[PDB]
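Here's the structure, in structure tokens; my notes come after.
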């Protein structure tokens, strides 16, 4: 026997059949929540109120979980478990909650913040109701990897994807507290150890590195320029990556070695490279933080010594003025040029290098695409190259349709990447040796045997596991000296790529998708839950999707449009293409 | 201009030479110079670029979806029935009248469709039976005469002397003209 | 107030300005049709087509001869009728926009009585209303009447009328 | 257009309509598609903006076939300044998400053997892209000196005398006779490739 209980926020309403034994406890907490529950407006446009019944169930689950304690058994634990089971059988029937949340975004007028709050409340209630994600989740994608139809590879983004990486970290801390908090405070305490452990880290970190203080209170967060500095940013990027890996593994019910074993291969972009190899070494939850420790350690030192090798200087206000008032980025030591050939940019940098002294010369850091490269060097010498580039490139609204194609003036875009150190340059070479001492002193090693899946270099695209020397030294060499030929690293024939890295919308995932669009490879952003209107790549939700929505393949042009043969009953052969199929005559016409 | 040299060559000769050059190259690259590997179909064409039972029984209601209806009736195999129930335009002489088979078989409540010999086109017969004065009697018999004719007996029962009278619809089914293979027979019509 | 059948200069200006999605004052007459939308080749021809439909006959090489001399070259043969193009355009203006209560027929007698402007002065104010399209949603008939007032002021200012 | 209306109402065997020298507006396209009662619609988009217009038309009308008959600046008749390859490299990705587009490549084709790499799609492999097969081909100038055409024999002899040039040099036809063809303005100043005859 269960008595009906109504809970409503204006128009939106839900009925929960609470067992009459525990109905008095339920008639109390609803009375409490209906007090806590704000006054509903028109359309639920105002924040902190549900728009759908699902949101209000979420808010109830979150509220009940806030009171319930895990250590001490209360009277509220029966209510929490009953409403959680009821919710699991009334909203997300079949598929995982992530696909439901996106469902609320596309279908209802739900805002992204409300979605994040609903997911946070659901997981908070699930962990508080002592019901973890122990069962091996039935995600279509990883099941098809089980049958081997899909080859899955995880990439790891570097710097210059977004600006506020810490804002994403905060978002992760709030929304997935129950899943991440443990790793976050482990990392925080690890860096607290490292700053005093290093001789003069406390000199580098002028406002310290109390990340947990900045996470809990946004007011305590220092200025953004402090956060973008490599010493602080680089390890925190690492954290965000690992945290994302942790979250997905916990939802999938995979151990970090199990999820690693599911990957055919993995690669990173600059710093990201260390995370993949740290992931290539991890086995189990207990043997997880030993891998993380090494990973978070190196990106700390990559931060510190590189900062000492080429510390950013104060730039003249006249240059910043010029750059801003000529619609260019803020002068930073990496500059991204799109729609321009490698031979063109190398010719331009050579031309600039002809005048400059060797110490102030620039060199090509990242070869992302064929026509999307990033150069690194002094932010003044980059501005000097920008100056030469702006002379050539035509104005952004100039119609050159009426000029013959050859005579046309090439029209490209050159924007200053949000970074504070010239990566993959001659400037960060000295630091290499210091970091190699920082590698050996702290007993930071990577073994050929310990790496399970092949991890690919950022320069030659070869597996690191076949190397003769220390993989640690090679990684250092790759991140601060060797350039990233990102197109040369990705010759692997994988069907699906996860962007664990930071950026989300502007991350390495999208760049790779563009680079090798139309080869049948499907890129999924694993760092952001969003809906792509084009649907030309997936988002986080497609990872946890278990239905026909979970296995989506991008079109490989060659195989989809393959020109075939056919013959009629009378044996007249036709070339069978889309057009010929339409018309029932060969795919040749005489035009008008 | 690089390929315009031969004067007064027939279009047939030129464009056959283009299609045949394409066939041979495709055959050599993907079919190992073997004609048998090329799949055969009844008539090639009529498939839109937007994208096994011997005897089945289908029942049209007021709810039935006309796409799924004609797909089911026509079936999967490329045969006379396929063209009959999926070709949008027949050819009355050189003129393109909308397909009258789709008009007669339009999915409305009451009609019941029976396919006999569905797997074997040579003997396939689709019979549509409608409630004639309450009793559900056979009304349409679409089948084959000699192989290259589509015969649709359109029978009326409410006659002068009870014995119903059959209407002979004939159509030449030319699968070589795959676009509109169905051409209604005007002679003696 | 006395009536006046719409000229070929105003009807040419509103047709050319409407197809551009520009204000009636943004487009100068003293310019070739080719100078306007030399950017695109389609827009030039669909301009000529709509002018051809509304006025029937067009001179040889219209696009390279500027608008002003074309005005009177249509004026002599044309006779103060909304024609076909502008008839569909005012019909889409009334139906696509939200004067949900009042249609074109009610719009005419509202201008005709409350101002005092007859048929030819109605056509002329409707051509002002076509070039100044609200585009965004309008509330009700209270906005529409206030818009018809302002379109009667613009017609009166350009042509040189007083109310 | 109103003629074709009657002829489709009367139902003459008119399979399609192709609008050359640019692409219609969205409203005119919609008029044409679901009032003319064709089987499909041809278009000859001039540049990236026209291609984007074709895409728009194919988007608003996803169940009606639409033949995107791309022809580079190297074709005969009224030709734009657009390269035959580059704008296709840029737009192919976008075009191919629409099932109801059939993408016909034309311009500078008079043999099967030089088109084949575009039928297979291997043409783009040179351009460091994935292979991009096409739906069909059109030949303008190839069929020009055919027997069944009405062109005067001496004209044919003049065409057969026309040497023709490889793709790379076609963009010199705005300056001088390049392989016996030169670019001259139309009546309305639209560039056309004509045989470099005294006239």
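FYI, it's all coordinate maths here, none of it is from the lab. Positions of Cβ are generated from backbone atoms using ideal geometry, with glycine treated the same way; all protein chains shown enter the neighbour counts.
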query: Taking residue D:111, is it surrounded by fewer than 17 Cβ atoms within 10 Å (Cβ to Cβ), away from chain B (no Cβ under 12 Å) and more than 30 Å from residue A:488 (Cα to Cα)?
result: no
message: Given the criterion over 26 Å from residue D:86 (Cβ atoms) and within 12 Å of chain B (Cβ to nearest Cβ), identify the matching residue among D:187, D:148.
response: D:148
field: segment B:169-179 - residue that is assigned to a loop (DSSP other than H, G, I, E, B) and in contact with a helix residue (DSSP H, G or I) (Cβ under 9 Å, 6 or more places away or on another chain) and, of those, surrounded by the most Cβ atoms within 10 Å (Cβ to Cβ)
entry: B:178
Segment D:43-56 residues that are at positive phi, paired with ones that are outside any helix (DSSP H, G or I) (beta carbon under 9 Å, 6 or more apart): none
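Being over 24 Å from residue B:7 (Cα atoms) and outside any loop (DSSP other than H, G, I, E, B) is the filter here; which residues of segment D:148-182 pass it?
Matches in segment D:148-182: D:168, D:169, D:171, D:172.
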message: Just to verify a result, which residue in segment D:158-173, among those that are more than 10 Å from chain B (Cβ to nearest Cβ) and over 20 Å from the mean Cα position of the chain (by Cα), is farthest from residue D:85 (Cα to Cα)?
response: D:158
query: Do you know which residues across segment B:144-168 are surrounded by 11 or more Cβ atoms within 10 Å (Cβ to Cβ) and touching a helix residue (DSSP H, G or I) at 6+ places or on another chain (Cβ under 8 Å)?
result: B:144, B:150, B:152, B:154
- request: Given the conditions (1) more than 8 Å from chain B (Cβ to nearest Cβ); (2) over 22 Å from residue D:20 (Cα atoms); (3) touching a helix residue (DSSP H, G or I) at 6+ places or on another chain (Cβ under 6 Å), report the number of the one that residue D:133 does not fulfil.
  value: (3)
- prompt: If you take the residues in segment B:25-47 that are part of a loop (DSSP other than H, G, I, E, B), in contact with a helix residue (DSSP H, G or I) (Cβ under 7 Å, 6 or more places away or on another chain) and within 21 Å of residue D:116 (Cα to Cα), which one is nearest to the other protein chains (Cβ to nearest Cβ)?
  reply: B:31
- line: How many residues of segment A:378-431 are surrounded by 20 or more Cβ atoms within 10 Å (Cβ to Cβ), in a loop (DSSP other than H, G, I, E, B), at negative phi and away from chain D (no Cβ under 14 Å)? The answer is 10
- request: Within segment D:27-45, track down each residue that is within 11 Å of chain C (Cβ to nearest Cβ) and out of contact with any strand residue (DSSP E or B) (no Cβ under 8 Å at 6 or more places or on another chain).
  value: D:27, D:28
query: Can you pull out the helices (runs of 4 or more DSSP H) entirely within segment A:492-592 that have at least 2 residues that are more than 14 Å from chain B (Cβ to nearest Cβ) and buried (at least 18 other Cβ atoms within 10 Å of the Cβ)?
result: A:508-515, A:541-544
message: Can you pull out every residue in segment D:86-108 that is under 13 Å from the mean Cα position of the chain (by Cα) and more than 10 Å from chain B (Cβ to nearest Cβ)?
response: D:88, D:103, D:104, D:105, D:106, D:107
task: Of all residues in segment C:80-122, count the ones that are within 16 Å of residue C:3 (Cα to Cα) and either in contact with a helix residue (DSSP H, G or I) (Cβ under 8 Å, 6 or more places away or on another chain) or in a loop (DSSP other than H, G, I, E, B) (or both).
output: 14
